[PDB]
Amino acid sequence: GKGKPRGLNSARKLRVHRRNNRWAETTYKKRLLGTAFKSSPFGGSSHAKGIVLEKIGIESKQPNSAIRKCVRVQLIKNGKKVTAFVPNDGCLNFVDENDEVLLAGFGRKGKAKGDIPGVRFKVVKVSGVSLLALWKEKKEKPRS
Amino acid sequence: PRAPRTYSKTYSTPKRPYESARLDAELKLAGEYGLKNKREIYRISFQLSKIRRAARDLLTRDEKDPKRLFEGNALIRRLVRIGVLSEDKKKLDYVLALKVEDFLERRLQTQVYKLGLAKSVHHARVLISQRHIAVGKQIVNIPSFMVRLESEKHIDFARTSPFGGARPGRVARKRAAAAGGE
Amino acid sequence: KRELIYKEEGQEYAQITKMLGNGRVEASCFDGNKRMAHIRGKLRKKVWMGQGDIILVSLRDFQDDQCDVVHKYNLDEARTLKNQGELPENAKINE
Amino acid sequence: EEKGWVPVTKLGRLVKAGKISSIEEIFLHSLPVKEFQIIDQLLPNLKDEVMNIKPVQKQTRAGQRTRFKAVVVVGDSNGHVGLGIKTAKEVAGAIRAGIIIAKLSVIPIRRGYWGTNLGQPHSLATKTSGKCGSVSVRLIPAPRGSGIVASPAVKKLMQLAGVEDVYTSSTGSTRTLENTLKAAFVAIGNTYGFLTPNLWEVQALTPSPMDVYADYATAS
Amino acid sequence: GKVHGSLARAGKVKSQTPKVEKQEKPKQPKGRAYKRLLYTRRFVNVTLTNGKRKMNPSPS
Amino acid sequence: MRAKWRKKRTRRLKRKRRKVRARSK
RNA sequence: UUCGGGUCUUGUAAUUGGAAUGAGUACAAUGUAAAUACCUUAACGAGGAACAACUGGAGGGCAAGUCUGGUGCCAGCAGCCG
RNA sequence: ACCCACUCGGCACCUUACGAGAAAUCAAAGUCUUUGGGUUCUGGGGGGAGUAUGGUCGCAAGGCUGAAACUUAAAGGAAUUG
Ligand SMILES: [Mg+2]
Ligand SMILES: [Mg+2]
Ligand SMILES: [Mg+2]
Ligand SMILES: [Mg+2]
Ligand SMILES: [Mg+2]
Ligand SMILES: [Mg+2]
Ligand SMILES: [Mg+2]
Ligand SMILES: [Mg+2]
Ligand SMILES: [Mg+2]
């Protein structure tokens, strides 16, 4: 009738067929190969600290004309270097060069979000304090 | 290493959180019975869902089956003892027909309101919360005290409360002291 | 005939050396700065420019490598710049 | 309001004369309904709800000529539904013609019992299904008071039907509202298309209402 | 001219927006009182029955 | 481009890489 | 008869009154190996009851603004479309 | 050797939907939400890419097996009006 066998003693080929087909997915292949630990900037890590190397801005795509204020950060856990996004309006000046910054995911499963090219990480905390608390003047940078 | 005691969730937020008709119905039920949050309606709906799950599971089982008899009449007697299920319909098929408003109605809030000793639903809520109503010479500071049929006749203001007969309270005592002094 | 706009608090003039693709340009800013110039808003496909064109460009204080070109002068306001002489006069750019 | 309704159909003439009393006589003999006023006469309380208004465009040499497709569902919440889908220039006219078609296309449904029968039927009789476009809707009976487990459009259709408890399962591009509602309509009208053991005995084939009352038709 | 300042400067609109102070208010009741207020405002004090409920209707 | 000519260009790149490897094998 | 008493009720007003109560303090006593803490309870403890509830959002998905001012493809927003 | 009738097997064909499909259409692409006759192989968005690497076959050409990093909100199918 259908491609799969149906006999009462065909459990083996059904199981191995499903097991061979499961590699067609992306989530299953990533989970079993464990590419997150080996290749991604973080190994299965929601957040990671890093050191700001320099202070760059990156232009947007065609339909959106602007320059999103980014920052190049070298991760401390392993030494990789990644660009990250300083989210809000007047937060670029808040983060100074060569200060510890806690990058987080960008919410799109490790893929570039919106019109910002070649970035995959937000910025949540700088120098131990959070950017959202600075942006509403609830706390101030310790300046150490 | 000590044996844990099992905490368990008692509510379940709906999957579509943003339904206009459902939101309006929830606000209707909150305003009708003075519910503080909409977690109250979720809790009653969760209790009702557990009850319905048990009822449907027992219904699936064959008629005149020891499991069906035993736990079906156990649930029936528990619900009629609570009072939500009227004595007319102790059949386990009207159990599936109960609505969330039915359990809402048996709250100590609404019962104090019905008895009339509290003239408003929010008045009932505050009167319960101020340690005034006692269900059998035992105060209940909890609005969601499910009042059972056998004990509804014993709701009244407590003796320790000024309403049941005692010293008036802070404001009245202070005013009386001020009047006596001046 | 329109009034020519001067620089102010960060913006500076420059000359296009060679125009790259994808809206990119190499511009010599008159501080000895062979900088990269990005074609910008109000400038995408509304006014056209070419090689060896006088240009005005805003800097970025957080990155001095790249800088964003804002306004272009039409080879006659360039002459006015040249007489008033805010830009270095050791360069000949004629037709 | 102002309504004369000169009947142009023999069925309409019989209805206006008051000779057909219940819509069950219309449904039983598979009579063709072409006057919406017949359905208005037989079911005075047919509520409606505009499910969707959709702008549909045709590309001509000058601009894009745009009309509106209205998806109207009519019913009385007592086992009668109709699904009109119309396209028109003005949205109000689209909705009017959509309700008009919906009233023309009223259909009866066979509500049944999930388990034992205690009161009036609360759910469908059997599992049913329909398919329009690529959207296949599967209606499955549910125990009493289980609500209508369905997407909002299908839920509103069942509420207009009078079905109080039912499970649903939809497969395909159920995005498109017209296809989903048409599939659900096919299923709920198929509910009276399933032979069931309680429906086996043969009947006497009562003569058609336009045979016994042919005289009151044929306006002379 | 074409641009009033350095174009790519960060925190520009934030810097130059007029700081308008918060308007002082009476306390807004919270908890069960807020739900009672909402219930009264929507289902016993029906304001604009025409059209939709139109909560927060713009004044025009 | 056609898949045919992309394939042919890939084959020519393999030509160059194969001769390079053979010279250094 | 225009009314209109509001005849019957339900909200809105920095008007205005009397109540009730904890969150806190605290004689005690209970609690505990001893103490906290809880349960009870003296004496205090609410008027802007300042004893002041936040976190996100208001184009769509998705409940809620085509109100006011600011910036004008900047700044920025946006999980996606924008 | 034709003619008439019938039958088996084959490449096929016309009409039709009363069935199926997103449709173009299919007498199988039917007997599939009323889902199970037996069985083999293949696919899980597009690109990177049938590329690199590792095997293996070949004198060579190249064949078989065959990813990821990364990037992207589409790519694509049928049909309708211009
Ligand atoms: Mg560009
Ligand atoms: Mg807020
Ligand atoms: Mg916002
Ligand atoms: Mg806003
Ligand atoms: Mg909305
Ligand atoms: Mg793929
Ligand atoms: Mg390919
Ligand atoms: Mg090889
Ligand atoms: Mg095509």
# chains A, B, ... in the order shown; residues from 1 in each chain; ligands from 1

$ closest_atom_pairs --of "chain B" --to "chain D" --cutoff "8 Å" --atoms "only C-alpha atoms" --output "CSV"
residue,atom,partner,partner_atom,distance
B:56,CA,D:143,CA,7.3
B:93,CA,D:144,CA,7.7
B:96,CA,D:145,CA,5.7
B:97,CA,D:145,CA,5.1
B:98,CA,D:145,CA,7.7

$ write_last_selection --atoms "C-alpha atoms" --output "compact mmCIF listing (two decimals), in the first residue's frame"
# COMPACT_ATOMS: atom_id res chain seq x y z
CA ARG B 56 -14.97 11.29 31.50
CA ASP B 93 -23.38 12.81 33.55
CA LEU B 96 -19.69 17.02 32.96
CA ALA B 97 -22.34 19.74 32.69
CA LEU B 98 -21.09 21.87 35.60

$ residues_near_ligand --ligand "ligand 2" --cutoff "9 Å" --atoms "only C-alpha atoms (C1' of nucleotides) and all ligand atoms" --output "MDAnalysis selection string"
chainID G and resid 54:57

$ write_last_selection --atoms "C-alpha atoms (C1' of nucleotides)" --output "PDB file, in the first residue's frame"
ATOM      1  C1'   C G  54       5.077  47.029  38.898  1.00  0.00           C
ATOM      2  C1'   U G  55       6.503  44.606  34.248  1.00  0.00           C
ATOM      3  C1'   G G  56       5.523  44.910  28.794  1.00  0.00           C
ATOM      4  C1'   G G  57       2.570  46.706  25.055  1.00  0.00           C
TER       5        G G  57
END

$ residues_around --residues "residue 35 of chain H" --least-positions-apart "5" --cutoff "12 Å" --atoms "only C-alpha atoms (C1' of nucleotides)" --output "PDB file with N, CA, C and O atoms, in the first residue's frame"
ATOM      1  N   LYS A   2       1.608   1.458   1.063  1.00  0.00           N
ATOM      2  CA  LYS A   2       2.460   2.626   1.215  1.00  0.00           C
ATOM      3  C   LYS A   2       3.917   2.182   1.179  1.00  0.00           C
ATOM      4  O   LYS A   2       4.222   0.988   1.134  1.00  0.00           O
TER       5      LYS A   2
ATOM      6  N   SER D 129     -16.511  14.662   8.149  1.00  0.00           N
ATOM      7  CA  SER D 129     -15.394  15.416   7.604  1.00  0.00           C
ATOM      8  C   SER D 129     -15.804  16.035   6.281  1.00  0.00           C
ATOM      9  O   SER D 129     -16.760  15.605   5.633  1.00  0.00           O
ATOM     10  N   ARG D 138     -12.236  17.765  10.157  1.00  0.00           N
ATOM     11  CA  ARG D 138     -12.717  16.521  10.742  1.00  0.00           C
ATOM     12  C   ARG D 138     -13.395  16.863  12.060  1.00  0.00           C
ATOM     13  O   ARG D 138     -12.729  17.296  13.006  1.00  0.00           O
TER      14      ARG D 138
END

$ residues_near_ligand --ligand "ligand 6" --cutoff "8 Å" --atoms "only C-alpha atoms (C1' of nucleotides) and all ligand atoms" --output "MDAnalysis selection string"
chainID H and resid 44:46

$ residues_near_ligand --ligand "ligand 5" --cutoff "9 Å" --atoms "only C-alpha atoms (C1' of nucleotides) and all ligand atoms" --output "NGL selection string"
(:B and (20)) or (:G and (58 or 60 or 62-64))

$ closest_atom_pairs --of "chain A" --to "chain H" --cutoff "10 Å" --atoms "only C-alpha atoms (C1' of nucleotides)" --output "JSON lines"
{"residue": "A:1", "atom": "CA", "partner": "H:37", "partner_atom": "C1'", "distance": 6.8}
{"residue": "A:2", "atom": "CA", "partner": "H:39", "partner_atom": "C1'", "distance": 9.0}
{"residue": "A:3", "atom": "CA", "partner": "H:39", "partner_atom": "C1'", "distance": 7.9}
{"residue": "A:4", "atom": "CA", "partner": "H:39", "partner_atom": "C1'", "distance": 8.2}
{"residue": "A:5", "atom": "CA", "partner": "H:39", "partner_atom": "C1'", "distance": 6.5}
{"residue": "A:6", "atom": "CA", "partner": "H:36", "partner_atom": "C1'", "distance": 7.7}
{"residue": "A:7", "atom": "CA", "partner": "H:38", "partner_atom": "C1'", "distance": 8.5}
{"residue": "A:21", "atom": "CA", "partner": "H:44", "partner_atom": "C1'", "distance": 8.8}
{"residue": "A:22", "atom": "CA", "partner": "H:44", "partner_atom": "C1'", "distance": 9.2}
{"residue": "A:23", "atom": "CA", "partner": "H:44", "partner_atom": "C1'", "distance": 9.5}
{"residue": "A:24", "atom": "CA", "partner": "H:44", "partner_atom": "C1'", "distance": 5.9}
{"residue": "A:25", "atom": "CA", "partner": "H:44", "partner_atom": "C1'", "distance": 6.5}
{"residue": "A:26", "atom": "CA", "partner": "H:44", "partner_atom": "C1'", "distance": 9.3}
{"residue": "A:35", "atom": "CA", "partner": "H:68", "partner_atom": "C1'", "distance": 8.9}
{"residue": "A:39", "atom": "CA", "partner": "H:69", "partner_atom": "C1'", "distance": 7.4}
{"residue": "A:40", "atom": "CA", "partner": "H:69", "partner_atom": "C1'", "distance": 9.1}
{"residue": "A:111", "atom": "CA", "partner": "H:71", "partner_atom": "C1'", "distance": 9.0}
{"residue": "A:112", "atom": "CA", "partner": "H:71", "partner_atom": "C1'", "distance": 9.2}
{"residue": "A:117", "atom": "CA", "partner": "H:71", "partner_atom": "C1'", "distance": 9.7}
{"residue": "A:118", "atom": "CA", "partner": "H:71", "partner_atom": "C1'", "distance": 8.9}

$ interface_residues --of "chain B" --to "chain G" --cutoff "8 Å" --atoms "only C-alpha atoms (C1' of nucleotides)" --output "PyMOL selection string"
chain B and resi 18-20+130+169+171-172

$ write_last_selection --atoms "C-alpha atoms" --output "mmCIF file, in the first residue's frame"
data_model
loop_
_atom_site.group_PDB
_atom_site.id
_atom_site.type_symbol
_atom_site.label_atom_id
_atom_site.label_comp_id
_atom_site.auth_asym_id
_atom_site.auth_seq_id
_atom_site.Cartn_x
_atom_site.Cartn_y
_atom_site.Cartn_z
ATOM 1 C CA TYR B 18 -5.610 37.225 24.004
ATOM 2 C CA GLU B 19 -9.156 36.198 23.075
ATOM 3 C CA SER B 20 -11.545 39.155 23.137
ATOM 4 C CA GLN B 130 -10.690 41.500 58.136
ATOM 5 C CA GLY B 169 -11.806 48.696 67.309
ATOM 6 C CA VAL B 171 -10.847 54.100 65.243
ATOM 7 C CA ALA B 172 -13.955 53.871 67.431
#

$ residues_around --residues "residue 65 of chain D" --least-positions-apart "2" --cutoff "12 Å" --atoms "only C-alpha atoms (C1' of nucleotides)" --output "ChimeraX atom specification"
/D:55-63,67-68,88-89 /H:81-82

$ interface_residues --of "chain G" --to "chain A" --cutoff "9 Å" --atoms "only C-alpha atoms (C1' of nucleotides)" --output "list in words"
residues 73, 74, 75, 76, 78, 79 and 80 of chain G

$ atom_distance --atom1 "atom CA of residue 53 of chain D" --atom2 "atom CA of residue 70 of chain D"
4.7 Å

$ atom_distance --atom1 "atom CA of residue 29 of chain D" --atom2 "atom CA of residue 209 of chain D"
8.2 Å

$ select_by_dssp --residues "chain E" --states "helix (DSSP H, G or I)" --output "PyMOL selection string"
chain E and resi 12-16+32-44

$ interface_residues --of "chain D" --to "chain H" --cutoff "12 Å" --atoms "only C-alpha atoms (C1' of nucleotides)" --output "ChimeraX atom specification"
/D:56-66,126-140,168-173,179,187,190,194-195

$ write_last_selection --atoms "N, CA, C and O atoms" --output "compact mmCIF listing (two decimals), in the first residue's frame"
# COMPACT_ATOMS: atom_id res chain seq x y z
N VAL D 56 -9.97 41.60 -2.82
CA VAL D 56 -9.47 40.81 -3.94
C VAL D 56 -9.36 41.72 -5.15
O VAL D 56 -10.30 42.46 -5.48
N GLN D 57 -8.22 41.67 -5.83
CA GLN D 57 -7.90 42.62 -6.88
C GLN D 57 -7.76 41.91 -8.23
O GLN D 57 -7.30 40.77 -8.30
N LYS D 58 -8.16 42.62 -9.28
CA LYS D 58 -7.95 42.18 -10.66
C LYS D 58 -7.09 43.22 -11.36
O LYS D 58 -7.40 44.42 -11.32
N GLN D 59 -6.02 42.77 -12.00
CA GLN D 59 -5.06 43.67 -12.62
C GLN D 59 -5.51 43.99 -14.04
O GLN D 59 -5.44 43.14 -14.93
N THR D 60 -5.99 45.21 -14.25
CA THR D 60 -6.35 45.70 -15.57
C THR D 60 -5.30 46.71 -16.04
O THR D 60 -4.34 47.02 -15.34
N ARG D 61 -5.51 47.22 -17.26
CA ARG D 61 -4.52 48.12 -17.85
C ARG D 61 -4.37 49.40 -17.05
O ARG D 61 -3.28 49.98 -17.01
N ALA D 62 -5.44 49.85 -16.40
CA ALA D 62 -5.43 51.08 -15.61
C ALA D 62 -5.65 50.72 -14.15
O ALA D 62 -6.79 50.45 -13.74
N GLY D 63 -4.58 50.72 -13.37
CA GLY D 63 -4.71 50.46 -11.95
C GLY D 63 -5.08 49.02 -11.65
O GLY D 63 -4.87 48.11 -12.45
N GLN D 64 -5.64 48.82 -10.45
CA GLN D 64 -6.02 47.49 -9.98
C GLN D 64 -7.46 47.57 -9.49
O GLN D 64 -7.73 48.22 -8.47
N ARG D 65 -8.38 46.92 -10.19
CA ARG D 65 -9.79 47.00 -9.84
C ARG D 65 -10.07 46.07 -8.67
O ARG D 65 -9.91 44.85 -8.79
N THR D 66 -10.47 46.64 -7.54
CA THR D 66 -10.56 45.91 -6.28
C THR D 66 -12.02 45.71 -5.89
O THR D 66 -12.81 46.66 -5.90
N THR D 126 -22.00 11.21 14.60
CA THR D 126 -20.83 10.42 14.28
C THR D 126 -19.68 11.35 13.94
O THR D 126 -19.82 12.57 13.94
N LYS D 127 -18.52 10.76 13.66
CA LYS D 127 -17.44 11.52 13.06
C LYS D 127 -17.80 11.89 11.64
O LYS D 127 -18.33 11.07 10.88
N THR D 128 -17.53 13.14 11.27
CA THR D 128 -17.77 13.61 9.91
C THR D 128 -16.57 14.40 9.45
O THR D 128 -15.69 14.76 10.24
N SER D 129 -16.51 14.66 8.15
CA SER D 129 -15.39 15.42 7.60
C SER D 129 -15.80 16.04 6.28
O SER D 129 -16.76 15.60 5.63
N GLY D 130 -15.05 17.05 5.89
CA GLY D 130 -15.23 17.71 4.61
C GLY D 130 -13.89 18.20 4.11
O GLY D 130 -12.93 18.29 4.87
N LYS D 131 -13.85 18.53 2.83
CA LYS D 131 -12.60 19.00 2.23
C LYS D 131 -12.92 20.00 1.13
O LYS D 131 -13.62 19.67 0.17
N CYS D 132 -12.40 21.21 1.28
CA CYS D 132 -12.50 22.24 0.25
C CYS D 132 -11.11 22.80 0.01
O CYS D 132 -10.38 23.11 0.96
N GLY D 133 -10.74 22.94 -1.26
CA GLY D 133 -9.36 23.28 -1.57
C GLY D 133 -8.45 22.19 -1.06
O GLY D 133 -8.61 21.01 -1.39
N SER D 134 -7.49 22.57 -0.23
CA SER D 134 -6.65 21.61 0.47
C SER D 134 -7.01 21.49 1.94
O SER D 134 -6.34 20.76 2.68
N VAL D 135 -8.04 22.20 2.38
CA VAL D 135 -8.41 22.22 3.79
C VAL D 135 -9.40 21.10 4.05
O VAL D 135 -10.50 21.09 3.48
N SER D 136 -9.02 20.16 4.91
CA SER D 136 -9.89 19.07 5.31
C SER D 136 -10.18 19.22 6.80
O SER D 136 -9.26 19.24 7.62
N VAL D 137 -11.46 19.32 7.13
CA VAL D 137 -11.92 19.50 8.50
C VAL D 137 -12.59 18.21 8.95
O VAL D 137 -13.40 17.63 8.23
N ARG D 138 -12.24 17.76 10.16
CA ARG D 138 -12.72 16.52 10.74
C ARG D 138 -13.39 16.86 12.06
O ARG D 138 -12.73 17.30 13.01
N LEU D 139 -14.71 16.69 12.11
CA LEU D 139 -15.48 16.92 13.33
C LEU D 139 -15.72 15.58 14.02
O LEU D 139 -16.15 14.62 13.38
N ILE D 140 -15.43 15.54 15.32
CA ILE D 140 -15.49 14.31 16.10
C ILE D 140 -16.36 14.56 17.33
O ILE D 140 -16.19 15.59 17.99
N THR D 168 -12.48 19.02 16.95
CA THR D 168 -12.18 19.26 15.54
C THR D 168 -10.70 19.01 15.27
O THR D 168 -9.86 19.04 16.17
N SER D 169 -10.41 18.75 14.00
CA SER D 169 -9.03 18.58 13.55
C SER D 169 -8.96 18.99 12.09
O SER D 169 -9.66 18.41 11.26
N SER D 170 -8.12 19.97 11.78
CA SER D 170 -8.04 20.52 10.44
C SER D 170 -6.65 20.29 9.87
O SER D 170 -5.64 20.49 10.56
N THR D 171 -6.60 19.88 8.60
CA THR D 171 -5.34 19.62 7.92
C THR D 171 -5.31 20.37 6.59
O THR D 171 -6.30 20.39 5.85
N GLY D 172 -4.18 20.98 6.31
CA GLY D 172 -3.99 21.75 5.10
C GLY D 172 -3.68 23.20 5.39
O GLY D 172 -3.23 23.57 6.48
N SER D 173 -3.93 24.04 4.39
CA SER D 173 -3.75 25.48 4.55
C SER D 173 -5.02 26.11 5.11
O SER D 173 -5.71 26.90 4.46
N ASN D 179 -11.98 28.52 2.56
CA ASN D 179 -11.81 27.08 2.41
C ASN D 179 -12.12 26.35 3.71
O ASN D 179 -12.80 25.32 3.71
N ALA D 187 -18.74 19.18 6.20
CA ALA D 187 -18.80 18.16 7.24
C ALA D 187 -20.12 18.23 8.01
O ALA D 187 -20.80 17.21 8.21
N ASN D 190 -22.83 17.03 6.02
CA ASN D 190 -22.69 15.60 5.81
C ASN D 190 -23.17 14.81 7.01
O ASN D 190 -23.43 13.61 6.89
N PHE D 194 -24.98 10.43 6.71
CA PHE D 194 -24.41 9.19 7.21
C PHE D 194 -25.54 8.28 7.68
O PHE D 194 -26.28 8.64 8.61
N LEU D 195 -25.67 7.12 7.05
CA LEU D 195 -26.65 6.13 7.48
C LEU D 195 -26.21 5.52 8.81
O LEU D 195 -25.06 5.10 8.95

$ decode --residues "segment 56-69 of chain D" --atoms "N, CA and C atoms" --output "PDB file, in the first residue's frame"
ATOM      1  N   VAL D  56      -9.965  41.601  -2.816  1.00  0.00           N
ATOM      2  CA  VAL D  56      -9.472  40.811  -3.938  1.00  0.00           C
ATOM      3  C   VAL D  56      -9.363  41.720  -5.154  1.00  0.00           C
ATOM      4  N   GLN D  57      -8.219  41.672  -5.826  1.00  0.00           N
ATOM      5  CA  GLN D  57      -7.905  42.618  -6.884  1.00  0.00           C
ATOM      6  C   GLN D  57      -7.759  41.915  -8.226  1.00  0.00           C
ATOM      7  N   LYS D  58      -8.158  42.616  -9.284  1.00  0.00           N
ATOM      8  CA  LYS D  58      -7.950  42.185 -10.658  1.00  0.00           C
ATOM      9  C   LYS D  58      -7.092  43.224 -11.361  1.00  0.00           C
ATOM     10  N   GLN D  59      -6.019  42.771 -11.998  1.00  0.00           N
ATOM     11  CA  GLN D  59      -5.060  43.672 -12.625  1.00  0.00           C
ATOM     12  C   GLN D  59      -5.514  43.991 -14.040  1.00  0.00           C
ATOM     13  N   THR D  60      -5.989  45.212 -14.251  1.00  0.00           N
ATOM     14  CA  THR D  60      -6.346  45.703 -15.571  1.00  0.00           C
ATOM     15  C   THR D  60      -5.304  46.708 -16.043  1.00  0.00           C
ATOM     16  N   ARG D  61      -5.507  47.217 -17.260  1.00  0.00           N
ATOM     17  CA  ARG D  61      -4.519  48.116 -17.851  1.00  0.00           C
ATOM     18  C   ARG D  61      -4.369  49.398 -17.047  1.00  0.00           C
ATOM     19  N   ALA D  62      -5.439  49.847 -16.396  1.00  0.00           N
ATOM     20  CA  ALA D  62      -5.430  51.075 -15.612  1.00  0.00           C
ATOM     21  C   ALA D  62      -5.654  50.720 -14.148  1.00  0.00           C
ATOM     22  N   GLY D  63      -4.577  50.719 -13.367  1.00  0.00           N
ATOM     23  CA  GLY D  63      -4.708  50.464 -11.946  1.00  0.00           C
ATOM     24  C   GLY D  63      -5.078  49.022 -11.646  1.00  0.00           C
ATOM     25  N   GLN D  64      -5.636  48.817 -10.453  1.00  0.00           N
ATOM     26  CA  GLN D  64      -6.021  47.492  -9.977  1.00  0.00           C
ATOM     27  C   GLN D  64      -7.460  47.574  -9.487  1.00  0.00           C
ATOM     28  N   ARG D  65      -8.376  46.920 -10.194  1.00  0.00           N
ATOM     29  CA  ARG D  65      -9.790  47.003  -9.843  1.00  0.00           C
ATOM     30  C   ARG D  65     -10.067  46.071  -8.670  1.00  0.00           C
ATOM     31  N   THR D  66     -10.472  46.640  -7.541  1.00  0.00           N
ATOM     32  CA  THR D  66     -10.565  45.912  -6.283  1.00  0.00           C
ATOM     33  C   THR D  66     -12.021  45.711  -5.887  1.00  0.00           C
ATOM     34  N   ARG D  67     -12.371  44.479  -5.537  1.00  0.00           N
ATOM     35  CA  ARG D  67     -13.655  44.153  -4.939  1.00  0.00           C
ATOM     36  C   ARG D  67     -13.414  43.541  -3.564  1.00  0.00           C
ATOM     37  N   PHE D  68     -14.504  43.215  -2.878  1.00  0.00           N
ATOM     38  CA  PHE D  68     -14.438  42.679  -1.530  1.00  0.00           C
ATOM     39  C   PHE D  68     -15.244  41.395  -1.458  1.00  0.00           C
ATOM     40  N   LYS D  69     -14.648  40.373  -0.852  1.00  0.00           N
ATOM     41  CA  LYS D  69     -15.283  39.083  -0.628  1.00  0.00           C
ATOM     42  C   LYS D  69     -15.701  39.010   0.833  1.00  0.00           C
TER      43      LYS D  69
END
